[PDB]
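Enquirer: Structure in structure tokens, see below.
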Number of protein chains: 4
Amino acid sequence: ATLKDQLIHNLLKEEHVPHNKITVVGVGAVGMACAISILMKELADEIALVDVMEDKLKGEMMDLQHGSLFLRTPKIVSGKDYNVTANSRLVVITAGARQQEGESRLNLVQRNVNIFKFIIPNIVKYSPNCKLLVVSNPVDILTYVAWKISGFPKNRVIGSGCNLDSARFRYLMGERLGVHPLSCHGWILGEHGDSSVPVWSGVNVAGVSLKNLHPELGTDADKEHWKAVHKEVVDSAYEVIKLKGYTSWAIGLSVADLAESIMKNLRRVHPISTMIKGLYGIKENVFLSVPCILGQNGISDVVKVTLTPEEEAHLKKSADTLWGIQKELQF
Amino acid sequence: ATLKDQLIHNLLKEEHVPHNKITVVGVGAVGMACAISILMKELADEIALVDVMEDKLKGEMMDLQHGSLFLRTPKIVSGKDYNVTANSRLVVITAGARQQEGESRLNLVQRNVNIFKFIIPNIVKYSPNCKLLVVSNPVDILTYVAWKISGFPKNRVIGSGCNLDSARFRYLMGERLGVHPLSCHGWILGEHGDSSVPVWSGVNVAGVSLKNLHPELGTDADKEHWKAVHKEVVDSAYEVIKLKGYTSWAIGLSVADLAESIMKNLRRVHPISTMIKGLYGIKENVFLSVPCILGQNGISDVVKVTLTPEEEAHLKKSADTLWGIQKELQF
Amino acid sequence: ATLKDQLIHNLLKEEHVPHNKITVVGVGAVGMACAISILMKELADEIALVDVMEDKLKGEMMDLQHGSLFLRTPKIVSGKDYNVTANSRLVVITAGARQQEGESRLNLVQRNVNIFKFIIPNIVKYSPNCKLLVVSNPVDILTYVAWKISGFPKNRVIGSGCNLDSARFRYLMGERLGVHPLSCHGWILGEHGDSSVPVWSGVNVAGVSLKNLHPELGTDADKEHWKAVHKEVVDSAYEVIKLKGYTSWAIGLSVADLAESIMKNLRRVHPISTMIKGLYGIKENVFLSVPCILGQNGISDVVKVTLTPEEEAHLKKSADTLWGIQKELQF
Amino acid sequence: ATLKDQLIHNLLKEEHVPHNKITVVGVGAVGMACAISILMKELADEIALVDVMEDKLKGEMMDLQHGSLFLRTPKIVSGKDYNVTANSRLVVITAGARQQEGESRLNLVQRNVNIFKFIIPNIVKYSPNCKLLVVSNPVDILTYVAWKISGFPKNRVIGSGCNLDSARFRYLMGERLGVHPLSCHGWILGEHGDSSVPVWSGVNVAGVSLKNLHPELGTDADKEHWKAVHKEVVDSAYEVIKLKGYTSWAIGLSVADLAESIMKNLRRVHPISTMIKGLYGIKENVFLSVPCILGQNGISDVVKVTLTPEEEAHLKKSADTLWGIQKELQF
Ligand SMILES: NC(=O)c1ccc[n+]([C@@H]2O[C@H](COP(=O)([O-])OP(=O)(O)OC[C@H]3O[C@@H](n4cnc5c(N)ncnc54)[C@H](O)[C@@H]3O)[C@@H](O)[C@H]2O)c1
Ligand SMILES: NC(=O)c1ccc[n+]([C@@H]2O[C@H](COP(=O)([O-])OP(=O)(O)OC[C@H]3O[C@@H](n4cnc5c(N)ncnc54)[C@H](O)[C@@H]3O)[C@@H](O)[C@H]2O)c1
Ligand SMILES: NC(=O)c1ccc[n+]([C@@H]2O[C@H](COP(=O)([O-])OP(=O)(O)OC[C@H]3O[C@@H](n4cnc5c(N)ncnc54)[C@H](O)[C@@H]3O)[C@@H](O)[C@H]2O)c1
Ligand SMILES: NC(=O)c1ccc[n+]([C@@H]2O[C@H](COP(=O)([O-])OP(=O)(O)OC[C@H]3O[C@@H](n4cnc5c(N)ncnc54)[C@H](O)[C@@H]3O)[C@@H](O)[C@H]2O)c1
């Protein structure tokens with residue numbers, strides 16, 4: 001005579017198992033900005049939230065659940081134990097120490113590598129066949145780290161990389177040209193950093209190379225100072241940090257973007273961190289942003305951008321800087 | 001000739017006037033939740049952000065702008081000034097103090113009225129025809145204050161109210177019954193706070209009244225404790241505040257749902273805060289949530305819900321509770 | 001070296017297996033409406049189209065494929081064969097004869113059963129675990145046929161039923177009351193046809209029962225003729241058939257709503273066709289619409305709606321009406 | 001004592017006036033494919049349908065209304081008199097004679113020009129400040145026609161033009177390259193026809209010019225026959241017509257695309273028909289596809305694509321052919 005029993009006549013029972021489960025490791029500024037964006041885009045049927053902060057974790061879980069009416073993701077779960085993560089199609093890693101005002105993203109390495117040595121083995125134990133998407137900084141070094149510990153194939157380990165950088169770039173060009181960013185094409189390659197390479201030779205609006213119309217555009221001295229657009233891209237992260245303390249909405253939106261190409265298998269081209277040994281005459285084990293076709297299996301192919309010798313100059317530059325650091329690890 | 005003049009041939013200038021402009025006043029946890037939710041629902045063609053904290057403001061703006069590629073709201077602007085808010089269809093006010101742990105929303109009244117005394121005349125002046133959506137707590141009292149200061153007809157001054165408490169109610173009912181919140185119907189009327197009323201006479205799943213199946217349901221001391229679901233609703237804000245410090249995701253979702261009915265002129269019914277003088281024997285000018293039909297002109301109608309004598313009793317004590325605080329008229 | 005080999009560096013092959021694959025059987029007016037609605041809701045990652053008319057089929061496929069840039073379903077395929085339908089989560093059957101002007105849906109039974117006798121075993125063989133969504137008329141009887149032929153548990157054989165009649169009901173109620181269909185609640189149970197039942201005991205706006213306010217509502221010969229709203233529901237198919245020849249947009253929308261609850265495992269309640277033996281004194285194996293809770297496994301539960309003696313009477317005569325045609329067992 | 005009056009307490013009344021109204025002239029294959037696509041994308045709050053076929057018109061109106069529950073466009077109206085069209089932000093023209101198997105789209109001119117002389121003056125009388133979007137064939141000639149009769153500024157008269165052609169192109173390249181169409185960039189310029197110009201010099205994946213890697217690509221004799229991709233683009237319309245009788249879904253989706261850039265004012269670049277006198281050394285009053293930045297005011301700017309002398313050769317070719325026809329009109 002329970003209310004439920006007078007009202008509902010049961011046929012079937014509690015299968016469980018989700019088809020499109022997404023996990024978000026770390027429920028901080030970035031982790032919740034990723035979660036909100038991924039929920040609004042309706043990509044998962046089950047989202048799993050993991051943090052070591054128990055109170056915060058349960059608190060953000062509840063705030064998202066409270067919003068159930070308005071969502072189309074009926075199972076929202078969280079925990080400290082990784083069992084909650086089981087059979088995730090995608091695992092977004094956002095956990096770690098973030099930059100303090102004026103901090104070099106390369107200073108976070110000690111602290112974040114200790115976090116990864118801990119969580120990678122726990123996430124791979126429960127989801128042996130997931131696509132890892134690393135957001136934590138320094139993202140290029142940390143993607144290598146996940147790869148190295150997890151033992152996964154180079155296709156299932158992605159670093160958010162220069163998706164955000166190129167998104168800032170398009171936005172900045174778009175404001176100069178008076179065209180929506182969607183319509184200005186421009187790649188920010190290499191390190192998700194201070195040593196990122198603007199590929200000037202590829203910047204265009206509706207198939208027209210801005211470099212043929214303006215050969216002065218790019219890595220020099222004279223102009224309408226297009227070169228300062230690349231500079232505001234390198235600086236934008238710092239200025240936002242100085243103004244609000246951290247960055248979050250642009251990264252959350254750029255994660256939902258990659259998350260959509262993985263979940264729907266669209267095979268779209270995105271500048272993301274991948275293993276580049278055997279490609280720009282880079283002979284080491286580095287991870288850096290290159291245009292990659294992203295799908296349900298992760299990175300299935302890399303696009304061999306036609307780089308000028310100056311641009312290929314800065315890519316072995318960005319790439320060496322980066323490996324300098326990496327051998328000091330080795331664990 | 002600029003690179004701009006070489007690439008693009010101009011055909012017009014013109015007055016870029018916004019058609020679906022939304023203003024968010026206060027760029028805090030609640031304001032940005034509102035903002036992101038409204039941007040992902042693609043309700044606005046221009047969003048304006050106003051805050052007194054100049055840096056925070058610029059910061060949130062740039063973070064949002066860098067995500068431009070991923071949104072469909074081409075213009076995002078901000079200022080301390082209010083000239084930026086001109087010709088807004090709707091303005092969402094989230095400015096002010098929030099609860100500290102264990103604090104009643106009624107306790108913020110004096111500080112928030114002090115801020116509304118400044119903001120309302122600057123809003124009313126630049127968007128003579130906007131709809132005001134009041135989020136700041138205690139929401140019922142600030143909605144009356146907003147009304148009073150503004151000089152606006154009642155139809156155009158809306159408190160976010162029990163939209164959110166109703167969502168939380170439906171979620172909790174949902175859990176117990178094994179059905180999505182969307183198929184569980186139930187209303188939380190009165191104060192958006194401790195004195196809210198569960199309308200158990202009306203809780204249904206597919207037209208069937210749970211109070212008809214289980215006459216002991218709710219405001220009954222008997223057997224399966226449905227009454228504890230209302231206590232959880234009441235307590236839910238306090239409980240997320242104790243765990244993460246503030247609530248934000250649920251209300252940003254609830255506001256974008258409201259925002260949707262208003263911008264698209266949907267004529268949906270939402271439990272929101274409005275002037276209930278005349279209805280339910282209410283002789284005082286108090287604001288509280290009652291089911292309202294929401295459209296391009298704000299509140300066009302109020303639904304006369306048929307309250308059991310015990311639910312009417314409880315609604316009255318709720319407006320009695322709000323008027324007690326309301327005789328303070330510090331404006 | 002191809003231009004392909006020069007542009008792109010490959011990292012993998014792999015088995016492109018679909019995760020959210022939808023099959024639409026029959027590429028007519030109803031099948032393409034279903035198809036477009038399901039593609040715009042971005043429910044599938046692969047859609048397969050099967051029809052016997054080879055040319056029409058190729059045609060609809062190419063039209064759809066040319067719109068690829070505007071959709072997020074990367075793979076669209078078709079064939080006469082059924083090998084193309086493998087590992088589908090859901091299959092929407094819209095194949096068969098439709099009504100000529102003035103024709104009862106019960107009249108198509110013999111022709112459509114002849115087609116189901118061929119299609120069902122070819123479906124059941126290649127997607128052992130799909131959910132069957134039956135659209136072909138008379139929908140109630142073909143759902144039973146589909147069930148019977150298939151060997152599938154009842155939970156996985158769904159008729160589109162009164163989902164659509166309920167939508168039409170809510171629309172009409174909507175008009176009269178001045179509120180969006182979304183805020184008007186009401187159910188059309190029984191046969192998806194002339195014998196359907198309006199459940200006036202349950203029609204509400206915000207929890208308030210219209211039958212409580214106006215006791216003469218509906219299955220009453222008295223004053224404002226709410227009963228004429230049900231007559232319009234019954235008649236609506238006949239009337240659009242006389243004016244444009246067939247109905248298509250409403251049912252494609254109604255099917256994509258259903259499709260949504262199933263793919264995302266929403267657990268929403270929809271009036272759909274299922275086996276009602278045991279409920280409401282129904283001693284025969286007939287299919288008809290009753291409020292059902294819909295999820296990744298199909299029908300997991302049936303809601304026991306509390307019918308007035310006159311509504312129970314009318315539901316019985318509706319299953320009595322369907323069983324009369326049902327003793328024909330030509331399969 | 002009406003039901004409505006016991007239930008609803010009125011505050012406000014029937015304002016009317018819509019903010020985002022869209023009109024669709026012609027409710028045939030294309031007109032309803034435009035309407036469905038525009039409704040699913042939620043761009044209008046009011047849609048107006050106009051046709052001379054009264055029965056068909058009312059029948060499609062009803063089928064769309066029946067689907068109200070599932071939509072977010074609460075006013076759906078139709079008529080034979082243009083008063084229904086009043087104060088439309090956008091008017092989509094789809095009315096006219098369509099191609100029979102093997103018919104040259106230039107043969108429809110007599111029949112469609114008689115239709116336009118009739119409807120243009122009626123649509124401009126009710127919406128003096130609308131953006132006209134012409135879809136009817138031959139679209140280039142007919143856009144000129146609307147321009148000429150309406151007396152509108154060249155910015156508010158757009159022809160759907162080569163949006164569809166370039167959408168087919170990307171789709172075809174995308175299948176060769178194994179990349180989503182979204183990611184392969186390629187412009188089909190000129191006549192929405194048989195004399196359309198593929199701009200090979202602008203085709204790229206992630207900023208890399210396929211022509212620098214493969215100089216043989218394009219307008220010649222040797223290869224991997226990329227030139228046949230342009231040919232299937234020219235032929236695709238005919239083959240779809242031969243297979244299903246007409247084309248509709250790809251055009252409907254491409255109209256919703258432009259409709260979104262106009263309604264939301266995104267300022268996106270699209271290949272659409274516009275007045276090109278004073279641009280490729282074309283000295284006449286022709287309309288042909290060029291990359292244009294599209295917004296709330298229509299075409300605000302044109303992008304001066306860098307064309308090879310061969311490509312500029314075929315653009316004055318396409319453009320002359322086209323004006324040959326046009327002087328025979330003059331009305
Ligand atoms: N790649 C990009 O473009 C990008 C952009 C912005 C920020 N980031 C990075 O994201 C990271 C997080 O920044 P943020 O603002 O959200 O930080 P935050 O302080 O707000 O949150 C970090 C979260 O990590 C958690 N954490 C620590 N150890 C953990 C463990 N074992 N498991 C789970 N969680 C653990 C914390 O408890 C905290 O909740 C930083 O490394 C930052 O640089 C990357
Ligand atoms: N109604 C609801 O259901 C509900 C739900 C949650 C929170 N809230 C209320 O939301 C309000 C905002 O909450 P919060 O977390 O975002 O606070 P917060 O401190 O994060 O941000 C409040 C913001 O208000 C701005 N502000 C203050 N005075 C201002 C003024 N005169 N002009 C402009 N901006 C001004 C601040 O500078 C700050 O950025 C609080 O009153 C809170 O209680 C209501
Ligand atoms: N349940 C509802 O509410 C509802 C609503 C509308 C229409 N319908 C029903 O939808 C069905 C389809 O309607 P319609 O307008 O699209 O018809 P239609 O003639 O437009 O298309 C029917 C299609 O079925 C295909 N077909 C027939 N036999 C086949 C077989 N063995 N295998 C494969 N395909 C086969 C045809 O070749 C044709 O393309 C009819 O039975 C109609 O009554 C039901
Ligand atoms: N530009 C493109 O890429 C493109 C692509 C496909 C089709 N088209 C064109 O669209 C047009 C329509 O094709 P379709 O399949 O929908 O045709 P259809 O036969 O299905 O419909 C044409 C509609 O026009 C109507 N009509 C005739 N005179 C009218 C008047 N004064 N006012 C209103 N409506 C009137 C008809 O009654 C009919 O309903 C054709 O000219 C065709 O070439 C353009």
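Residues in the structure tokens are numbered from 1 in each chain, the chains being A, B, ... in the order shown, and ligands are numbered from 1 in the order shown.
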All C-alpha atoms, paired in order, least-squares superposition of chain C on chain D: what RMSD does that give?
Expert: 0.6 Å
Enquirer: At most 6 Å is the cut-off: for each residue in chain A with any atom that close to an atom of ligand 1, write down the nearest atom pair and the distance in Å rounded to one decimal, counting only C-alpha atoms and all ligand atoms, chain first then increasing number, as a Markdown table.
Expert:
```
| residue | atom | partner | partner_atom_place_in_ligand_line | distance |
| --- | --- | --- | --- | --- |
| A:25 | CA | ligand 1 | 33 (C) | 5.4 |
| A:26 | CA | ligand 1 | 34 (N) | 3.9 |
| A:27 | CA | ligand 1 | 39 (O) | 4.7 |
| A:28 | CA | ligand 1 | 21 (O) | 3.5 |
| A:29 | CA | ligand 1 | 16 (O) | 3.7 |
| A:30 | CA | ligand 1 | 16 (O) | 3.6 |
| A:31 | CA | ligand 1 | 16 (O) | 5.4 |
| A:50 | CA | ligand 1 | 33 (C) | 5.8 |
| A:51 | CA | ligand 1 | 33 (C) | 3.8 |
| A:52 | CA | ligand 1 | 33 (C) | 5.0 |
| A:53 | CA | ligand 1 | 37 (O) | 4.9 |
| A:94 | CA | ligand 1 | 10 (O) | 4.9 |
| A:95 | CA | ligand 1 | 24 (O) | 3.4 |
| A:96 | CA | ligand 1 | 24 (O) | 4.5 |
| A:97 | CA | ligand 1 | 41 (O) | 4.7 |
| A:98 | CA | ligand 1 | 40 (C) | 3.7 |
| A:99 | CA | ligand 1 | 43 (O) | 5.8 |
| A:115 | CA | ligand 1 | 31 (N) | 5.1 |
| A:119 | CA | ligand 1 | 31 (N) | 5.7 |
| A:135 | CA | ligand 1 | 1 (N) | 4.3 |
| A:136 | CA | ligand 1 | 41 (O) | 3.9 |
| A:137 | CA | ligand 1 | 43 (O) | 4.0 |
| A:139 | CA | ligand 1 | 1 (N) | 5.4 |
| A:160 | CA | ligand 1 | 1 (N) | 5.6 |
| A:164 | CA | ligand 1 | 3 (O) | 5.8 |
| A:246 | CA | ligand 1 | 15 (O) | 5.9 |
| A:247 | CA | ligand 1 | 6 (C) | 5.3 |
| A:248 | CA | ligand 1 | 6 (C) | 5.9 |
| A:251 | CA | ligand 1 | 5 (C) | 5.3 |
```
Enquirer: Please report as JSON lines every residue of chain A lying within 12 Å of ligand 2, along with the nearest atom pair and their distance in Å (one decimal), using only C-alpha atoms and all ligand atoms.
Expert:
```
{"residue": "A:63", "atom": "CA", "partner": "ligand 2", "partner_atom_place_in_ligand_line": "6 (C)", "distance": 10.3}
{"residue": "A:66", "atom": "CA", "partner": "ligand 2", "partner_atom_place_in_ligand_line": "3 (O)", "distance": 11.4}
{"residue": "A:67", "atom": "CA", "partner": "ligand 2", "partner_atom_place_in_ligand_line": "3 (O)", "distance": 11.8}
{"residue": "A:244", "atom": "CA", "partner": "ligand 2", "partner_atom_place_in_ligand_line": "39 (O)", "distance": 10.5}
```
Enquirer: Go ahead and write the residues just picked, N, CA, C and O atoms, as a short mmCIF file (atom, residue, chain, number, x, y, z; two decimals), in the first residue's frame.
Expert:
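Result saved to out-v4.cif:
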```cif
data_model
loop_
_atom_site.label_atom_id
_atom_site.label_comp_id
_atom_site.auth_asym_id
_atom_site.auth_seq_id
_atom_site.Cartn_x
_atom_site.Cartn_y
_atom_site.Cartn_z
N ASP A 63 23.52 21.28 -6.38
CA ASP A 63 23.21 22.51 -7.14
C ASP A 63 22.89 22.01 -8.55
O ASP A 63 21.81 22.42 -8.85
N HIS A 66 19.38 20.01 -8.52
CA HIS A 66 18.38 20.94 -8.17
C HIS A 66 17.83 21.50 -9.52
O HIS A 66 16.64 21.79 -9.54
N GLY A 67 18.66 21.56 -10.52
CA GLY A 67 18.47 22.05 -11.88
C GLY A 67 18.02 20.92 -12.84
O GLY A 67 17.89 21.19 -14.05
N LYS A 244 39.95 38.76 -12.77
CA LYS A 244 39.01 38.01 -11.96
C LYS A 244 39.68 36.95 -11.09
O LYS A 244 38.90 36.31 -10.32
#
```
Enquirer: Per residue of chain A within 10 Å of chain C, record the nearest atom pair and its distance in Å to one decimal, counting only C-alpha atoms, with rows in chain order and ascending residue number, as CSV.
Expert:
```
residue,atom,partner,partner_atom,distance
A:4,CA,C:303,CA,9.6
A:5,CA,C:304,CA,9.2
A:6,CA,C:304,CA,7.2
A:7,CA,C:304,CA,5.2
A:8,CA,C:303,CA,4.8
A:9,CA,C:302,CA,5.3
A:10,CA,C:301,CA,4.6
A:11,CA,C:301,CA,5.2
A:12,CA,C:300,CA,4.6
A:13,CA,C:300,CA,6.8
A:14,CA,C:300,CA,8.7
A:15,CA,C:297,CA,7.8
A:16,CA,C:296,CA,9.4
A:17,CA,C:296,CA,9.5
A:18,CA,C:265,CA,8.6
A:19,CA,C:19,CA,7.2
A:20,CA,C:19,CA,8.1
A:42,CA,C:264,CA,9.0
A:43,CA,C:264,CA,9.3
A:44,CA,C:264,CA,7.9
A:45,CA,C:264,CA,5.4
A:46,CA,C:264,CA,8.9
A:72,CA,C:266,CA,7.1
A:73,CA,C:264,CA,7.1
A:74,CA,C:266,CA,6.0
A:75,CA,C:266,CA,9.2
A:153,CA,C:11,CA,9.9
A:154,CA,C:11,CA,8.5
A:155,CA,C:11,CA,7.4
A:260,CA,C:72,CA,9.2
A:261,CA,C:72,CA,9.1
A:263,CA,C:45,CA,8.5
A:264,CA,C:45,CA,5.4
A:265,CA,C:45,CA,7.1
A:266,CA,C:74,CA,5.5
A:267,CA,C:74,CA,8.2
A:279,CA,C:9,CA,9.0
A:291,CA,C:8,CA,9.9
A:292,CA,C:8,CA,9.1
A:293,CA,C:8,CA,9.3
A:295,CA,C:16,CA,9.9
A:296,CA,C:16,CA,8.3
A:297,CA,C:14,CA,8.1
A:298,CA,C:12,CA,9.8
A:299,CA,C:11,CA,7.7
A:300,CA,C:12,CA,5.3
A:301,CA,C:10,CA,4.5
A:302,CA,C:9,CA,5.3
A:303,CA,C:8,CA,4.6
A:304,CA,C:7,CA,5.3
A:305,CA,C:7,CA,7.3
A:306,CA,C:7,CA,8.6
```
Enquirer: Between CA of residue 141 (chain D) and CA of residue 189 (chain D), what is the distance in Å, rounded to a tenth?
Expert: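 Going from CA of residue 141 (chain D) over to CA of residue 189 (chain D), I get 15.3 Å.
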Enquirer: Show me, as a PyMOL selection string, the residues that have an atom within 10 Å of residue 257 (chain B) when counting only C-alpha atoms, minus same-chain residues fewer than 3 positions from it.
Expert: (chain A and resi 69-70) or (chain B and resi 37-38+41+163+251-254+260-262+270)
Enquirer: Based on the backbone DSSP call, show me all residues of region 208-310 of chain A assigned helix (DSSP H, G or I), as a ChimeraX atom specification.
Expert: /A:210-213,227-244,249-263
Enquirer: Mind writing the picked residues with N, CA and C atoms as a tab-separated table (two decimals), in the first residue's frame?
Expert:
```tsv
chain	number	residue	atom	x	y	z
A	210	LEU	N	45.19	36.00	-45.86
A	210	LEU	CA	45.49	37.44	-45.57
A	210	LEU	C	46.97	37.75	-45.92
A	211	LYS	N	47.86	36.77	-45.80
A	211	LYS	CA	49.30	36.95	-46.11
A	211	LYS	C	49.46	37.29	-47.59
A	212	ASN	N	48.79	36.76	-48.60
A	212	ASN	CA	49.00	37.25	-49.99
A	212	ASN	C	48.58	38.70	-50.16
A	213	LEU	N	47.61	39.21	-49.44
A	213	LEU	CA	47.15	40.59	-49.61
A	213	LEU	C	48.03	41.59	-48.82
A	227	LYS	N	50.84	41.41	-35.50
A	227	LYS	CA	51.70	40.67	-34.58
A	227	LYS	C	51.26	40.86	-33.15
A	228	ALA	N	50.69	41.94	-32.72
A	228	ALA	CA	50.17	42.22	-31.39
A	228	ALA	C	48.88	41.41	-31.11
A	229	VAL	N	48.19	40.91	-32.14
A	229	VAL	CA	47.05	40.04	-31.94
A	229	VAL	C	47.58	38.72	-31.36
A	230	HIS	N	48.65	38.16	-31.88
A	230	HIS	CA	49.25	36.93	-31.36
A	230	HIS	C	49.68	37.20	-29.90
A	231	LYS	N	50.29	38.34	-29.67
A	231	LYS	CA	50.73	38.79	-28.36
A	231	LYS	C	49.51	38.90	-27.47
A	232	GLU	N	48.42	39.55	-27.84
A	232	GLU	CA	47.30	39.53	-26.87
A	232	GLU	C	46.85	38.06	-26.66
A	233	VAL	N	46.93	37.16	-27.63
A	233	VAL	CA	46.54	35.79	-27.38
A	233	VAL	C	47.41	35.24	-26.24
A	234	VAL	N	48.73	35.34	-26.26
A	234	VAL	CA	49.68	34.88	-25.23
A	234	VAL	C	49.44	35.54	-23.84
A	235	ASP	N	49.05	36.77	-23.88
A	235	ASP	CA	48.79	37.58	-22.71
A	235	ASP	C	47.39	37.51	-22.07
A	236	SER	N	46.45	37.04	-22.90
A	236	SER	CA	45.01	37.07	-22.51
A	236	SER	C	44.80	36.28	-21.23
A	237	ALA	N	45.40	35.12	-21.15
A	237	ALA	CA	45.25	34.32	-19.93
A	237	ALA	C	45.69	35.07	-18.66
A	238	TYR	N	46.82	35.73	-18.75
A	238	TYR	CA	47.35	36.51	-17.62
A	238	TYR	C	46.46	37.67	-17.21
A	239	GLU	N	46.00	38.42	-18.20
A	239	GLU	CA	45.14	39.56	-17.94
A	239	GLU	C	43.81	39.17	-17.34
A	240	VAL	N	43.28	38.04	-17.72
A	240	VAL	CA	41.98	37.60	-17.16
A	240	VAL	C	42.24	37.20	-15.70
A	241	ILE	N	43.34	36.55	-15.44
A	241	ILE	CA	43.70	36.13	-14.09
A	241	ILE	C	43.87	37.30	-13.11
A	242	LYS	N	44.54	38.31	-13.59
A	242	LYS	CA	44.80	39.59	-12.91
A	242	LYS	C	43.46	40.26	-12.67
A	243	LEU	N	42.53	40.21	-13.63
A	243	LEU	CA	41.21	40.85	-13.45
A	243	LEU	C	40.24	40.03	-12.61
A	244	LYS	N	39.95	38.76	-12.77
A	244	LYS	CA	39.01	38.01	-11.96
A	244	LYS	C	39.68	36.95	-11.09
A	249	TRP	N	35.19	30.34	-18.33
A	249	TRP	CA	34.07	30.16	-19.26
A	249	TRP	C	34.62	29.80	-20.63
A	250	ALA	N	35.60	30.48	-21.09
A	250	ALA	CA	36.14	30.17	-22.44
A	250	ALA	C	36.66	28.76	-22.37
A	251	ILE	N	37.45	28.27	-21.35
A	251	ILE	CA	37.87	26.88	-21.38
A	251	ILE	C	36.68	25.91	-21.33
A	252	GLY	N	35.63	26.14	-20.52
A	252	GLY	CA	34.53	25.25	-20.38
A	252	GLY	C	33.87	25.02	-21.75
A	253	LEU	N	33.65	26.08	-22.51
A	253	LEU	CA	33.01	26.10	-23.83
A	253	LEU	C	33.92	25.37	-24.85
A	254	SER	N	35.21	25.67	-24.76
A	254	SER	CA	36.12	24.96	-25.69
A	254	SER	C	36.09	23.52	-25.22
A	255	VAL	N	36.03	22.99	-24.01
A	255	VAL	CA	35.95	21.59	-23.71
A	255	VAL	C	34.67	20.94	-24.26
A	256	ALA	N	33.53	21.61	-24.15
A	256	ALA	CA	32.26	21.08	-24.68
A	256	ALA	C	32.33	20.81	-26.23
A	257	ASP	N	33.08	21.64	-26.91
A	257	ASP	CA	33.37	21.62	-28.33
A	257	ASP	C	34.10	20.33	-28.71
A	258	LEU	N	35.16	20.07	-27.95
A	258	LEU	CA	35.91	18.84	-28.28
A	258	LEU	C	35.06	17.66	-27.89
A	259	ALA	N	34.42	17.82	-26.73
A	259	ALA	CA	33.57	16.76	-26.16
A	259	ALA	C	32.48	16.41	-27.19
A	260	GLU	N	31.88	17.35	-27.88
A	260	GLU	CA	30.90	17.08	-28.94
A	260	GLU	C	31.54	16.33	-30.12
A	261	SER	N	32.75	16.70	-30.57
A	261	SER	CA	33.35	15.95	-31.68
A	261	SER	C	33.69	14.54	-31.22
A	262	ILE	N	34.11	14.33	-29.97
A	262	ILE	CA	34.34	12.94	-29.57
A	262	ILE	C	33.05	12.11	-29.46
A	263	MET	N	32.06	12.61	-28.70
A	263	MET	CA	30.79	11.90	-28.42
A	263	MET	C	29.87	11.56	-29.60
```
Enquirer: So how many Å separate CA of residue 273 (chain D) and CA of residue 207 (chain D), to one decimal?
Expert: 25.9 Å
Enquirer: Using only C-alpha atoms, which of the listed residues (C:311, C:328, C:140, C:60) sits closest to residue 191 (chain C)?
Expert: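 Closest to residue 191 (chain C), using only C-alpha atoms: C:140.
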Enquirer: Would you mind telling me which residue in C:83, C:127, C:64, C:192 lies nearest to ligand 3 when using only C-alpha atoms and all ligand atoms?
Expert: C:192
Enquirer: Which residues are near residue 132 (chain A)? Cut-off 10 Å, only C-alpha atoms, ignore same chain within fewer than 2 positions. Put them as a PyMOL selection string.
Expert: chain A and resi 23+88-93+120+123-124+127+129-130+134-135+143+146-147+150+152+155-159+298
Enquirer: What is the distance, in Å and to one decimal place, between CA of residue 179 (chain D) and CA of residue 185 (chain A)?
Expert: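 Distance reported for this atom pair: 16.6 Å.
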